[PDB]
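Order of the sequence lines fixes the chain letters, A, B, ..., with proteins taken first and strands second; residue numbering starts at 1 for each chain. What's counted below: heavy atoms across the whole structure, side chains too, no hydrogens, waters or symmetry copies.
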Amino acid sequence: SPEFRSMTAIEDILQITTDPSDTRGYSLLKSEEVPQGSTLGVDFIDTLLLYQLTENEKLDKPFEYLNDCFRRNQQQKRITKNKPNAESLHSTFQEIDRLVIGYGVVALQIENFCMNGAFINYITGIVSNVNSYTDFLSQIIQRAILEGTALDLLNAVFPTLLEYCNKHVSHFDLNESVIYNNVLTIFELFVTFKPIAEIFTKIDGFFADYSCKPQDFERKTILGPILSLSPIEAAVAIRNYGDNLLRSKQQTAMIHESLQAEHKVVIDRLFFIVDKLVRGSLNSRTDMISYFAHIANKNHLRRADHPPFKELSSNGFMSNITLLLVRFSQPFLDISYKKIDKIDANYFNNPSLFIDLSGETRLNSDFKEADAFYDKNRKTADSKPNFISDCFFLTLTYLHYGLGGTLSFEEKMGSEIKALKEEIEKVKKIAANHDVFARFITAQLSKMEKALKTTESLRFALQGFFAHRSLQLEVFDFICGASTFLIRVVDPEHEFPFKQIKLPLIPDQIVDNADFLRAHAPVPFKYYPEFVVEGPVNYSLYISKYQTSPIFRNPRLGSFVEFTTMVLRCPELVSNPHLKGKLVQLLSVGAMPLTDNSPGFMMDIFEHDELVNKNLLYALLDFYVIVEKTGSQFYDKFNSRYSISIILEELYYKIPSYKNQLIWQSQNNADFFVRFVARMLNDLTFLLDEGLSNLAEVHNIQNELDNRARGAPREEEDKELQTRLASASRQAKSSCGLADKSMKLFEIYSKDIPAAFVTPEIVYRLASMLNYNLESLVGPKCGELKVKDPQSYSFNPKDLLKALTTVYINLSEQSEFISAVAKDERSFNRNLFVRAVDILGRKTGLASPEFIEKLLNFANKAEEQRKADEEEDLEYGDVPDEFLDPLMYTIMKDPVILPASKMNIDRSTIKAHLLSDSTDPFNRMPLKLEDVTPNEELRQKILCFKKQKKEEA
Amino acid sequence: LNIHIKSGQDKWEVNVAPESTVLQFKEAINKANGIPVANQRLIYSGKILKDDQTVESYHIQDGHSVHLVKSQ
Ligand SMILES: [K+]
């Protein structure tokens, strides 16, 4: 028959018979009388299924049965298409299709339908073999959309997928390759349906509860587990690296590459998923902002010195979100900057709607002011977001707290590893004779060994991640874009990068101007959070240690150098000197010559970017001085000066226009130039002492460590010494290093502008500073120093001497200089130069014979000036100096003390001076004749002296 | 109509006017079987029912089986 042909097709497709007892594994219908009719056909199909699913049996995997029912149906359509009479069975396939799909929706909407299994089991079956449920599921989704019940379906699947991820796999992470892929395939299947994408964020548990702890964001929140897929997850790092931590570079490289390849795919898939949500509707998109903003708000401790890691989101989770946000920000920050004005510069002109700014330090402002600025401004309630602007500032938020917390975690690991190896070494020495104690000690070793394997494994994985150029590139390009944007916010015109910005914003100020600077700081920039600057710079400093750094040769690098230079040029912009310290450190990294002696990677920008080449030099010379005003702390005024000096030196060697602006400044803006030099000079009076002293402190500390028989002469804590020992090593390197750079700078400048160095405010201080340094270098202060590997501590007494003596040569034709050096009793001795010559000839090629003769020639002129002076005093110096008027050169009659300069001067001289010029004549301070003070004591000495002379000759 | 409210073990026959909604069809059972207002879930011919739609809007027959589910 053909009624027959239908009937049996049902048997095969549903695997069920009625009367029926033999042949294939099908289940006998029990025991319904109405469906004990030995016909069959299209309208018994509801009943067969209804029995199949609710009167049950050992039908233990009902959703799988549905899915195989569907696949059996699709296959029987194909077999049929090409056979004698396809058409007559069409009604039958139609009906199985109708109902297998309908009950698939039902099975995934209400829990108790079948009495075998529940949601968890069904979706477990789905996860295991996702490709086999894809066509079916797709049809189920569509049917739910058509019936107005998509949400109910979503509330069945996605909360269930949550539990599946936390509770039915030991660890949902990158190790579980089949499972995390299949989970992604599920999100992609659902969220590719537009009506699903538009309501996804309404799923139960999409947001975190009020009580949800930060570490559980990635566990208790619908998107959490997939967002946490990453190679920088401990269990992933351990599996891939902790496996064999002694692999060669080549062997580690292969692992980095697999995990980088796999992480790229994860980020692509996560982005695709989240972009769907963003594109769904304003609600979904607003809820994403809201979702990411909550995670960020509750993870600020990720940037504390000692983060509570177990109470915070994980690095993989926070980094992956940072990258997705970078990816949504890309389009409005492409290099044409044609959409740069989509980002609202006044984002913070009002109380913030998503990002919690309480406790956030601002660039040049405090709380009182920022809250007051709100008053004046706000923006009427309802007048809010701009998804773009939300996304840009959230990206900056996560760059700092997300990746920023991830990089500082990796950075500290080299020390954690070394300390942990030392404890293990020491616990391994214990001889534990007692069985309980031996078990305790082995438990202690074993726990430390495990912590060590975790750390060493994670360090590899984090390195794999940060060395991933393709991903890090996006972070940096975001940063470059963010820099251009920030230049625009600063621009009074708000026209940049379409019109150059004019610097400086306010005229250059010629003692406690922080208030002044804050007051003329530009608005709204001064209210932006510090994190918008600290995130980029922390990232850039850190990322610089990677050979594959995204910064190296990146054509957008210039935008960031531009922003940095503007920041260093205009002190009103960023008040925080540690931050500026980091920035100049960054420029110094780009200034360092390469290992092959090519220019540093930023040299090109320094030369050809109009904005940089117009401002950098001045910015550096200014900042060198300003860091003095309280700038212990470890982006030190001395570290900053060391950084500046590197840039100054390289600019001068390799870029003629910078040599010229340096010479220009000294010829045409002398007061500014001299202020920098006086500072360089003054630090050079003590830096070598400071370095030698820390080196001696290093030895005192190390000899106490050696004692063994022990004083203790006080040993305090053995770890307080090890701390103090490192601390003295740092200070030694920083002091010696800066002294090197400073002397080198005196050398190359004095070569070209000797005259700048011989004006009265510099020349005597300089002579005295050179001679004092010369004393250390050729005497026991440097002679008795012996540390092992003094290069570790930038200690090259030989180069420092070579540079010091080149400065003498470079000024040897300035007579004020020859004279100042001849008249400094405190250090000048011709023999210092003789010893200098002796010491330099000890490193062969250090000084040319020509050099040595110029040095001796210098020493002779000076020694000769000294003799002339001494002969002149002996033969014509008949009145003691303190008795002579400083201006008239004659015996004073009535000495008076000037109150500002403290100089002694004859009453009549000051009176002749104040008749025409109401100032102290030595320092230009205001002065009225009345304020002058009688030097009765000195007056006596003169009279007494005069009495002696009158009475004989 | 003449409709049988299966489960796998149970039945509570009902009479209801076709043009009447399913919200009446819930409360035609609530006080005739033992189960509360919102603890009802009705499944027929592949769809889940809705309070607002009529029993005839689903085209349910005389001598026909509608299934029910206890709703925690
Ligand atoms: K431009």
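Using a 4.5 Å cut-off between heavy atoms, B:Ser71 does not touch chain A at all. Contacts between B:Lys50 and chain A at a heavy-atom distance below 4.5 Å are absent for every atom of the residue. For a residue to count as touching a neighbouring chain, one of its non-hydrogen atoms must lie under 4.5 Å from one of that chain's; by this rule A:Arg98 touches chain B with the side chain only.
The shortest side-chain heavy-atom distance between B:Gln72 and A:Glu111 does not fall under the 4.5 Å cut-off. You'll find the side chain of B:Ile48 reaches within 4.5 Å of the side chain of A:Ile110, heavy atoms only.
To the nearest 0.5 Å, atoms CG (A:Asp46) and NE2 (B:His67) are separated by 7.5 Å. To the nearest 0.5 angstrom, B:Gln9 atom CD is 12.0 Å from A:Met115 atom CE.
When the shell of 6.0 Å around NE2 of B:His59 is examined, it contains 12 or fewer heavy atoms from other residues, nucleotides or ligands. Annotation: A:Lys30, atom NZ; neighbour count of heavy atoms from other residues, nucleotides and ligands within 6.0 Å does not exceed 12. Under a cut-off of 6.0 angstrom, the local environment of CD in A:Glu3 is sparse, with at most 12 non-hydrogen atoms contributed by other residues, nucleotides or ligands. Summarising the local packing, CZ of A:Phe4 is surrounded by 12 or fewer heavy atoms from other residues, nucleotides or ligands at distances under 6.0 Å. A 6.0 Å sphere centred on NZ of B:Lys11 holds more than 12 heavy atoms belonging to other residues, nucleotides or ligands. The 12-atom threshold is exceeded at NE2 of A:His168, counting heavy atoms of other residues, nucleotides or ligands nearer than 6.0 Å.
Of the listed residues (A:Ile101, A:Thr54, A:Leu99), the greatest number of heavy-atom pairs within a distance under 4.5 Å of chain B belongs to A:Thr54.
Judged by distance alone, the side chain of A:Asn112 and the main-chain N or O of B:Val69 form no donor-acceptor pair under 3.5 Å.
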